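Engineer: My structure is below; once you've seen it, I'll send some questions.
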Amino acid sequence: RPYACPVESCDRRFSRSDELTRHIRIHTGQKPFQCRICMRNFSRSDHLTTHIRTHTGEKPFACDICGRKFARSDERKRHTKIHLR
DNA sequence: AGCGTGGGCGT
DNA sequence: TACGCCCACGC
Ligand SMILES: [Zn+2]
Ligand SMILES: [Zn+2]
Ligand SMILES: [Zn+2]
């Protein structure tokens with residue numbers, strides 16, 4: 001991990017330079033992406049994409065066992081587990 | 001439950 | 001450099 005965060009209070013290191021640039025945003029407070037609907041700003045594009053689903057009601061991921069739908073894959077993953085117990 | 005949000009990393 | 005995934009933690 002050749003890329004260390006320069007903020008003295010922080011000590012995060014990364015493998016690629018782009019990971020450092022993305023991380024740096026938590027320190028600069030920069031949020032490049034804005035929701036066309038509610039105007040809220042976000043630090044990342046992928047998080048804006050999933051956030052928008054809260055407005056549209058879009059749920060692309062369904063449970064293979066019960067068919068319950070979710071807006072995010074990690075929500076589906078957390079849910080499928082319950083069918084074990 | 002619903003969802004913000006950082007980290008890793010393939011491409 | 002950027003997108004967009006999985007992943008995971010936190011409330
Ligand atoms: Zn930092
Ligand atoms: Zn919004
Ligand atoms: Zn299910």
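Naming scheme: A, B, ... for chains in displayed order of the structure tokens; residues 1 onward per chain; ligands 1 onward as shown.
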Hey, which residues sit close to ligand 2? Say within 7 Å, counting only C-alpha atoms (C1' of nucleotides) and all ligand atoms, and write them as a list in words.
Structural biologist: residues 35, 36, 37, 38, 39, 40, 51, 52 and 55 of chain A
Engineer: Find the residues in chain A near chain B: any atom within 10 Å counts, using only C-alpha atoms (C1' of nucleotides). Write them as a PyMOL selection string.
Structural biologist: chain A and resi 14-16+19+22-23+26+42-44+47+50-51+54+70-72+75
Engineer: May I have the selected residues written with C-alpha atoms, as a PDB file, in the first residue's frame?
Structural biologist:
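In the end it all went to selection-v4.pdb:
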```pdb
ATOM      1  CA  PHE A  14      -4.184   2.281  -0.360  1.00  0.00           C
ATOM      2  CA  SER A  15      -2.950   0.036  -3.191  1.00  0.00           C
ATOM      3  CA  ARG A  16      -3.931   2.306  -6.072  1.00  0.00           C
ATOM      4  CA  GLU A  19      -8.467   4.652  -4.066  1.00  0.00           C
ATOM      5  CA  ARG A  22     -11.824   8.631  -3.656  1.00  0.00           C
ATOM      6  CA  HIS A  23     -10.984   8.379   0.081  1.00  0.00           C
ATOM      7  CA  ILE A  26     -14.239  12.273   3.207  1.00  0.00           C
ATOM      8  CA  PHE A  42     -23.159  12.132  -2.687  1.00  0.00           C
ATOM      9  CA  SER A  43     -19.464  11.279  -2.592  1.00  0.00           C
ATOM     10  CA  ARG A  44     -19.867   8.429  -5.066  1.00  0.00           C
ATOM     11  CA  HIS A  47     -24.141   5.243  -4.035  1.00  0.00           C
ATOM     12  CA  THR A  50     -28.748   2.958  -5.304  1.00  0.00           C
ATOM     13  CA  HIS A  51     -30.022   6.056  -3.541  1.00  0.00           C
ATOM     14  CA  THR A  54     -35.517   4.950  -2.839  1.00  0.00           C
ATOM     15  CA  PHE A  70     -34.891  -5.492  -2.707  1.00  0.00           C
ATOM     16  CA  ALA A  71     -33.276  -2.327  -3.984  1.00  0.00           C
ATOM     17  CA  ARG A  72     -29.729  -3.593  -3.244  1.00  0.00           C
ATOM     18  CA  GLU A  75     -30.081  -6.377   1.236  1.00  0.00           C
TER      19      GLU A  75
END
```
Engineer: May I ask you to extract the residues of chain A within 10 Å of chain C, using only C-alpha atoms (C1' of nucleotides), and to give them as a PyMOL selection string?
Structural biologist: chain A and resi 17-18+21+45-47+49+73-74
Engineer: Generate the output file for the selected residues, N, CA, C and O atoms, as a compact mmCIF listing (two decimals), in the first residue's frame.
Structural biologist:
```txt
# COMPACT_ATOMS: atom_id res chain seq x y z
N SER A 17 -3.70 4.64 -6.64
CA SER A 17 -3.86 6.07 -6.45
C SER A 17 -5.32 6.50 -6.49
O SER A 17 -5.70 7.41 -5.79
N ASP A 18 -6.13 5.84 -7.31
CA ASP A 18 -7.54 6.21 -7.40
C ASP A 18 -8.31 5.95 -6.11
O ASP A 18 -9.29 6.63 -5.81
N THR A 21 -7.64 9.00 -3.98
CA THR A 21 -8.42 10.15 -4.43
C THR A 21 -9.88 10.03 -3.99
O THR A 21 -10.48 11.01 -3.56
N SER A 45 -20.73 7.80 -7.24
CA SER A 45 -21.71 7.52 -8.29
C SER A 45 -22.54 6.28 -8.03
O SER A 45 -23.74 6.26 -8.31
N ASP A 46 -21.90 5.21 -7.58
CA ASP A 46 -22.63 3.98 -7.29
C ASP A 46 -23.62 4.17 -6.15
O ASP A 46 -24.73 3.62 -6.18
N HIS A 47 -23.26 4.98 -5.16
CA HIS A 47 -24.14 5.24 -4.03
C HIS A 47 -25.31 6.14 -4.47
O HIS A 47 -26.40 6.07 -3.90
N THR A 49 -26.62 5.93 -7.47
CA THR A 49 -27.45 5.00 -8.22
C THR A 49 -28.41 4.22 -7.32
O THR A 49 -29.60 4.12 -7.60
N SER A 73 -28.32 -5.52 -3.67
CA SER A 73 -27.89 -6.91 -3.57
C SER A 73 -27.50 -7.31 -2.16
O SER A 73 -27.69 -8.46 -1.76
N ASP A 74 -26.91 -6.39 -1.41
CA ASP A 74 -26.51 -6.70 -0.04
C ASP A 74 -27.74 -6.86 0.86
O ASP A 74 -27.69 -7.56 1.86
```
Engineer: Please give the complete set of residues from chain A that DSSP, run on the backbone, assigns to alpha helix (DSSP H), formatted as a compact mmCIF listing (two decimals) with N, CA and C atoms, in the first residue's frame.
Structural biologist:
```txt
# COMPACT_ATOMS: atom_id res chain seq x y z
N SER A 17 -3.70 4.64 -6.64
CA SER A 17 -3.86 6.07 -6.45
C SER A 17 -5.32 6.50 -6.49
N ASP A 18 -6.13 5.84 -7.31
CA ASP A 18 -7.54 6.21 -7.40
C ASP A 18 -8.31 5.95 -6.11
N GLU A 19 -7.84 4.97 -5.34
CA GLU A 19 -8.47 4.65 -4.07
C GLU A 19 -8.18 5.80 -3.09
N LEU A 20 -7.00 6.41 -3.21
CA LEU A 20 -6.63 7.53 -2.34
C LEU A 20 -7.46 8.75 -2.69
N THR A 21 -7.64 9.00 -3.98
CA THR A 21 -8.42 10.15 -4.43
C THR A 21 -9.88 10.03 -3.99
N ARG A 22 -10.44 8.83 -4.07
CA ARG A 22 -11.82 8.63 -3.66
C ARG A 22 -11.95 8.84 -2.14
N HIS A 23 -11.01 8.28 -1.38
CA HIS A 23 -10.98 8.38 0.08
C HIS A 23 -10.83 9.82 0.55
N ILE A 24 -9.96 10.57 -0.14
CA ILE A 24 -9.67 11.96 0.17
C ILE A 24 -10.94 12.81 0.33
N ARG A 25 -11.98 12.44 -0.43
CA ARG A 25 -13.26 13.13 -0.39
C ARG A 25 -13.93 13.19 0.98
N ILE A 26 -13.63 12.24 1.87
CA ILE A 26 -14.24 12.27 3.21
C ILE A 26 -13.64 13.45 3.98
N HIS A 27 -12.40 13.82 3.63
CA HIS A 27 -11.69 14.93 4.28
C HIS A 27 -12.04 16.28 3.67
N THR A 28 -12.15 16.34 2.34
CA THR A 28 -12.46 17.59 1.67
C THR A 28 -13.95 17.93 1.69
N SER A 45 -20.73 7.80 -7.24
CA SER A 45 -21.71 7.52 -8.29
C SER A 45 -22.54 6.28 -8.03
N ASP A 46 -21.90 5.21 -7.58
CA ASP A 46 -22.63 3.98 -7.29
C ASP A 46 -23.62 4.17 -6.15
N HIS A 47 -23.26 4.98 -5.16
CA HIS A 47 -24.14 5.24 -4.03
C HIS A 47 -25.31 6.14 -4.47
N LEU A 48 -25.08 6.96 -5.49
CA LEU A 48 -26.15 7.81 -6.01
C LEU A 48 -27.15 6.91 -6.73
N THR A 49 -26.62 5.93 -7.47
CA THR A 49 -27.45 5.00 -8.22
C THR A 49 -28.41 4.22 -7.32
N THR A 50 -27.89 3.70 -6.21
CA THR A 50 -28.75 2.96 -5.30
C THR A 50 -29.67 3.89 -4.53
N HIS A 51 -29.20 5.10 -4.25
CA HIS A 51 -30.02 6.06 -3.54
C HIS A 51 -31.27 6.40 -4.35
N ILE A 52 -31.10 6.57 -5.66
CA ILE A 52 -32.22 6.94 -6.52
C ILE A 52 -33.37 5.95 -6.47
N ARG A 53 -33.05 4.67 -6.22
CA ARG A 53 -34.08 3.63 -6.11
C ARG A 53 -35.07 3.86 -4.97
N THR A 54 -34.66 4.64 -3.97
CA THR A 54 -35.52 4.95 -2.84
C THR A 54 -36.66 5.87 -3.31
N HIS A 55 -36.43 6.56 -4.42
CA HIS A 55 -37.41 7.47 -4.99
C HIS A 55 -38.32 6.75 -5.97
N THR A 56 -37.70 5.93 -6.83
CA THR A 56 -38.42 5.21 -7.87
C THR A 56 -39.14 3.95 -7.44
N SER A 73 -28.32 -5.52 -3.67
CA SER A 73 -27.89 -6.91 -3.57
C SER A 73 -27.50 -7.31 -2.16
N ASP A 74 -26.91 -6.39 -1.41
CA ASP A 74 -26.51 -6.70 -0.04
C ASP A 74 -27.74 -6.86 0.86
N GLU A 75 -28.85 -6.23 0.48
CA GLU A 75 -30.08 -6.38 1.24
C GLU A 75 -30.60 -7.79 0.96
N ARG A 76 -30.53 -8.21 -0.30
CA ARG A 76 -31.00 -9.54 -0.64
C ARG A 76 -30.14 -10.58 0.06
N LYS A 77 -28.82 -10.37 0.04
CA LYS A 77 -27.88 -11.29 0.68
C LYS A 77 -28.16 -11.43 2.18
N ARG A 78 -28.42 -10.30 2.85
CA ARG A 78 -28.71 -10.33 4.27
C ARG A 78 -30.01 -11.10 4.53
N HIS A 79 -30.96 -10.96 3.61
CA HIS A 79 -32.25 -11.63 3.72
C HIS A 79 -32.27 -13.14 3.43
N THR A 80 -31.59 -13.58 2.36
CA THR A 80 -31.63 -15.00 2.00
C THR A 80 -31.24 -15.92 3.13
```
Engineer: Using atom CA of residue A:60 and atom CA of residue A:84 as the two end points, give the distance in Å to one decimal.
Structural biologist: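 Answer for the atom CA of residue A:60 to atom CA of residue A:84 separation: 22.8 Å.
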Engineer: Counting only C-alpha atoms and all ligand atoms, which residues of chain A sit at most 6 Å from some atom of ligand 1, and what is each one's closest atom pair with its distance in Å to one decimal, listed by chain and rising residue number, as CSV?
Structural biologist:
```
residue,atom,partner,partner_atom_place_in_ligand_line,distance
A:5,CA,ligand 1,1 (Zn),4.5
A:7,CA,ligand 1,1 (Zn),5.6
A:10,CA,ligand 1,1 (Zn),4.6
A:12,CA,ligand 1,1 (Zn),5.5
A:24,CA,ligand 1,1 (Zn),5.8
```
Engineer: For the residues selected in the previous step, produce a file with N, CA and C atoms as a PDB file, in the first residue's frame.
Structural biologist:
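Saved to result-v9.pdb:
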```
ATOM      1  N   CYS A   5      -2.760   8.444   3.267  1.00  0.00           N
ATOM      2  CA  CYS A   5      -3.548   9.662   3.321  1.00  0.00           C
ATOM      3  C   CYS A   5      -2.690  10.715   4.028  1.00  0.00           C
ATOM      4  N   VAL A   7      -3.617  13.591   5.448  1.00  0.00           N
ATOM      5  CA  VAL A   7      -4.208  14.257   6.609  1.00  0.00           C
ATOM      6  C   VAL A   7      -3.585  13.640   7.861  1.00  0.00           C
ATOM      7  N   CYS A  10      -5.500  11.249  10.085  1.00  0.00           N
ATOM      8  CA  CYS A  10      -5.889   9.985   9.475  1.00  0.00           C
ATOM      9  C   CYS A  10      -4.670   9.162   9.069  1.00  0.00           C
ATOM     10  N   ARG A  12      -4.884   6.098   6.786  1.00  0.00           N
ATOM     11  CA  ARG A  12      -5.325   5.095   5.814  1.00  0.00           C
ATOM     12  C   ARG A  12      -4.315   5.027   4.661  1.00  0.00           C
ATOM     13  N   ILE A  24      -9.961  10.566  -0.135  1.00  0.00           N
ATOM     14  CA  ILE A  24      -9.674  11.965   0.174  1.00  0.00           C
ATOM     15  C   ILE A  24     -10.944  12.806   0.328  1.00  0.00           C
TER      16      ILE A  24
END
```
Engineer: Using only C-alpha atoms and all ligand atoms, what table do you get, as a Markdown table, when you list each residue of chain A with an atom no more than 9 Å from ligand 3, its nearest pair of atoms, and their distance in Å rounded to one decimal, rows by chain then rising number?
Structural biologist:
```
| residue | atom | partner | partner_atom_place_in_ligand_line | distance |
| --- | --- | --- | --- | --- |
| A:62 | CA | ligand 3 | 1 (Zn) | 7.8 |
| A:63 | CA | ligand 3 | 1 (Zn) | 4.6 |
| A:64 | CA | ligand 3 | 1 (Zn) | 6.5 |
| A:65 | CA | ligand 3 | 1 (Zn) | 4.9 |
| A:66 | CA | ligand 3 | 1 (Zn) | 4.0 |
| A:67 | CA | ligand 3 | 1 (Zn) | 5.9 |
| A:68 | CA | ligand 3 | 1 (Zn) | 5.5 |
| A:69 | CA | ligand 3 | 1 (Zn) | 8.5 |
| A:76 | CA | ligand 3 | 1 (Zn) | 8.0 |
| A:79 | CA | ligand 3 | 1 (Zn) | 6.2 |
| A:80 | CA | ligand 3 | 1 (Zn) | 5.2 |
| A:81 | CA | ligand 3 | 1 (Zn) | 8.2 |
| A:82 | CA | ligand 3 | 1 (Zn) | 7.4 |
| A:83 | CA | ligand 3 | 1 (Zn) | 6.5 |
```
Engineer: Quick one: write out the picked residues with N, CA, C and O atoms as a JSON list (two decimals), in the first residue's frame?
Structural biologist:
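What landed in out29.json:
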```
[["chain", "number", "residue", "atom", "x", "y", "z"],
["A", 62, "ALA", "N", -34.37, -10.09, -6.39],
["A", 62, "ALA", "CA", -35.37, -10.90, -5.72],
["A", 62, "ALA", "C", -34.77, -12.13, -5.05],
["A", 62, "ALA", "O", -33.80, -12.70, -5.54],
["A", 63, "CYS", "N", -35.37, -12.52, -3.94],
["A", 63, "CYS", "CA", -34.93, -13.70, -3.20],
["A", 63, "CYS", "C", -35.30, -14.93, -4.02],
["A", 63, "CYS", "O", -36.44, -15.04, -4.48],
["A", 64, "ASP", "N", -34.35, -15.84, -4.22],
["A", 64, "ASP", "CA", -34.61, -17.06, -5.00],
["A", 64, "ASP", "C", -35.62, -17.97, -4.34],
["A", 64, "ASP", "O", -36.30, -18.75, -5.01],
["A", 65, "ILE", "N", -35.71, -17.89, -3.01],
["A", 65, "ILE", "CA", -36.61, -18.73, -2.25],
["A", 65, "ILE", "C", -38.03, -18.21, -2.07],
["A", 65, "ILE", "O", -39.00, -18.96, -2.30],
["A", 66, "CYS", "N", -38.19, -16.94, -1.72],
["A", 66, "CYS", "CA", -39.53, -16.40, -1.51],
["A", 66, "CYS", "C", -39.95, -15.29, -2.46],
["A", 66, "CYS", "O", -41.08, -14.81, -2.40],
["A", 67, "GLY", "N", -39.06, -14.88, -3.36],
["A", 67, "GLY", "CA", -39.40, -13.84, -4.31],
["A", 67, "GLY", "C", -39.46, -12.41, -3.78],
["A", 67, "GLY", "O", -39.80, -11.50, -4.52],
["A", 68, "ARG", "N", -39.14, -12.20, -2.51],
["A", 68, "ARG", "CA", -39.16, -10.85, -1.97],
["A", 68, "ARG", "C", -38.08, -10.02, -2.67],
["A", 68, "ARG", "O", -36.96, -10.46, -2.85],
["A", 69, "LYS", "N", -38.46, -8.81, -3.08],
["A", 69, "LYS", "CA", -37.57, -7.91, -3.81],
["A", 69, "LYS", "C", -36.88, -6.87, -2.95],
["A", 69, "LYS", "O", -37.42, -6.40, -1.94],
["A", 76, "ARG", "N", -30.53, -8.21, -0.30],
["A", 76, "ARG", "CA", -31.00, -9.54, -0.64],
["A", 76, "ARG", "C", -30.14, -10.58, 0.06],
["A", 76, "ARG", "O", -30.66, -11.53, 0.64],
["A", 79, "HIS", "N", -30.96, -10.96, 3.61],
["A", 79, "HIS", "CA", -32.25, -11.63, 3.72],
["A", 79, "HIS", "C", -32.27, -13.14, 3.43],
["A", 79, "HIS", "O", -32.90, -13.90, 4.17],
["A", 80, "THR", "N", -31.59, -13.58, 2.36],
["A", 80, "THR", "CA", -31.63, -15.00, 2.00],
["A", 80, "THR", "C", -31.24, -15.92, 3.13],
["A", 80, "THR", "O", -31.77, -17.03, 3.25],
["A", 81, "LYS", "N", -30.37, -15.42, 3.99],
["A", 81, "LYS", "CA", -29.86, -16.14, 5.14],
["A", 81, "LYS", "C", -30.97, -16.60, 6.10],
["A", 81, "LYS", "O", -30.86, -17.66, 6.74],
["A", 82, "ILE", "N", -32.03, -15.81, 6.22],
["A", 82, "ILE", "CA", -33.12, -16.15, 7.15],
["A", 82, "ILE", "C", -33.84, -17.45, 6.83],
["A", 82, "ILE", "O", -34.49, -18.03, 7.70],
["A", 83, "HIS", "N", -33.70, -17.93, 5.59],
["A", 83, "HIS", "CA", -34.37, -19.18, 5.22],
["A", 83, "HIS", "C", -33.68, -20.41, 5.78],
["A", 83, "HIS", "O", -34.17, -21.52, 5.61]]
```
Engineer: Quick one: pick out all strand (DSSP E) residues within chain A from a backbone DSSP run and write them as a PyMOL selection string.
Structural biologist: chain A and resi 3-4+13-14+33-34+41-42+61-62+69-70
Engineer: With N, CA and C atoms kept, could you save the residues just selected as a short mmCIF file (atom, residue, chain, number, x, y, z; two decimals), in the first residue's frame?
Structural biologist:
```cif
data_model
loop_
_atom_site.label_atom_id
_atom_site.label_comp_id
_atom_site.auth_asym_id
_atom_site.auth_seq_id
_atom_site.Cartn_x
_atom_site.Cartn_y
_atom_site.Cartn_z
N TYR A 3 0.15 4.29 -1.10
CA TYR A 3 -0.55 5.57 -1.04
C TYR A 3 -1.16 5.85 0.33
N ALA A 4 -0.48 6.67 1.13
CA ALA A 4 -0.97 7.02 2.45
C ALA A 4 -1.75 8.33 2.41
N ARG A 13 -4.04 3.82 4.19
CA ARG A 13 -3.12 3.59 3.07
C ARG A 13 -3.85 2.76 2.01
N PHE A 14 -3.52 2.98 0.73
CA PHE A 14 -4.18 2.28 -0.36
C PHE A 14 -3.24 1.72 -1.41
N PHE A 33 -21.62 14.06 -7.02
CA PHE A 33 -22.87 13.59 -7.61
C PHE A 33 -24.12 14.06 -6.88
N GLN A 34 -25.07 14.60 -7.64
CA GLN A 34 -26.30 15.12 -7.07
C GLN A 34 -27.54 14.38 -7.56
N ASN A 41 -26.53 15.61 -2.28
CA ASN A 41 -25.25 15.30 -2.91
C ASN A 41 -24.60 14.06 -2.30
N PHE A 42 -23.81 13.36 -3.11
CA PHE A 42 -23.16 12.13 -2.69
C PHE A 42 -21.70 12.11 -3.11
N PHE A 61 -33.44 -6.87 -7.28
CA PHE A 61 -32.99 -8.13 -6.70
C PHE A 61 -34.04 -8.90 -5.92
N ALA A 62 -34.37 -10.09 -6.39
CA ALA A 62 -35.37 -10.90 -5.72
C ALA A 62 -34.77 -12.13 -5.05
N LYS A 69 -38.46 -8.81 -3.08
CA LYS A 69 -37.57 -7.91 -3.81
C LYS A 69 -36.88 -6.87 -2.95
N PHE A 70 -35.70 -6.47 -3.40
CA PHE A 70 -34.89 -5.49 -2.71
C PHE A 70 -34.24 -4.54 -3.69
#
```
